[PDB]
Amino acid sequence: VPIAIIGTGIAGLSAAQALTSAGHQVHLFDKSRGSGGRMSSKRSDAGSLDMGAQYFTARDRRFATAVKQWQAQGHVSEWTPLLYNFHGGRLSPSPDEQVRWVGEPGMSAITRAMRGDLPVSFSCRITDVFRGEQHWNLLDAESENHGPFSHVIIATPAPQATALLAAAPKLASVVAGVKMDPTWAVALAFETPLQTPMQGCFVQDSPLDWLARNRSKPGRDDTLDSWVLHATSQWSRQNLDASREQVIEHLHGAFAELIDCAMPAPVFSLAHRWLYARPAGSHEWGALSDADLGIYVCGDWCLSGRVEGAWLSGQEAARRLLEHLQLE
């Protein structure tokens, strides 16, 4: 009887890896058509786009060790863009010297490799998690039952987890208090490359706080010069219900204010709203659990709100489950 994992972002897949390494079968669920969550890459008319996390850093040694394995396997590489800063309405080079990692050929490659051939049900939105006398069961949005499962790991943003925790109301109440902040992201592509050496920019005093040039990322070689623009959470909140076209227009404007070359009209534009982009604050929980009941909860919001945090959180959920088994 396998363990159900709801969510195939890096937290859920990190838990899946740990459990399967320890000799336990899992079954993965995601409402999306594929895995990766906020690390996903989007195929588009302008090539593959990373519209969520663009890169990540690694400080914790356990996570850094995993990243170096992924690198050896060809799924991640360092990204060292020629960076600029825009502050006080002025553009300047930024000798930032920080190691940043990017999935290759796209950010989604990391989680795709973690998932491997583990059993998975995509386009399967779980709406209820409930237990009988012996086993756990999942109900999906089409009213189909899934189970039996021996345990459940919920690996979703906290607001999306609360509805799945009716069986564990003390946990549900904790999870319901975890605030996550929104982000609007925009992608623009140009038929000919912009005539600038800029490959990324940190932005202040602007609707934007970050932008990146996709062709500068390792293994990227799309004919179209695509750029991904990230709005601040404050701007995104203020504009949370703006239309996609207005968001595109405004962040395009912010980009045009800082750029150091001519910018023709884009041939493609996309906006994406992440309602629950990152946690508003940090925790040191690692995971949340009711091991006696058999329910575990994980995600970036259990720790630092970054890819590293999500991965560590999944490791911790799995560790607790495995410890409980070993003890039983």
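Residue indices: 1-based, along the sequence shown.
For the pair 192-200 and 235-243, the record assigns the higher mean C-alpha temperature factor to 192-200. In this entry, 85-93 has the higher mean Cα B-factor, the comparison being between 85-93 and 71-79. As recorded in the PDB entry, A141 shows the highest C-alpha B-factor of the residues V174, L208, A141, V186.
Looking only at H272, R59, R278, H283, the residue with the top Cα B factor in the deposited structure is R59. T156 sits in the lowest third of its chain by CA B factor, as recorded in the PDB entry.
When the modelled residues of the chain are ordered by their C-alpha B factor, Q98 lands in the highest third. Remark: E104 belongs to the highest third of its chain, ranked by C-alpha B-factor as recorded. Per the deposited record, the Cα B-factor of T20 falls in the middle third when ranked against the other modelled residues of its chain. When the CA B factors of the chain's modelled residues are split into thirds, the value for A53 lands in the middle one.
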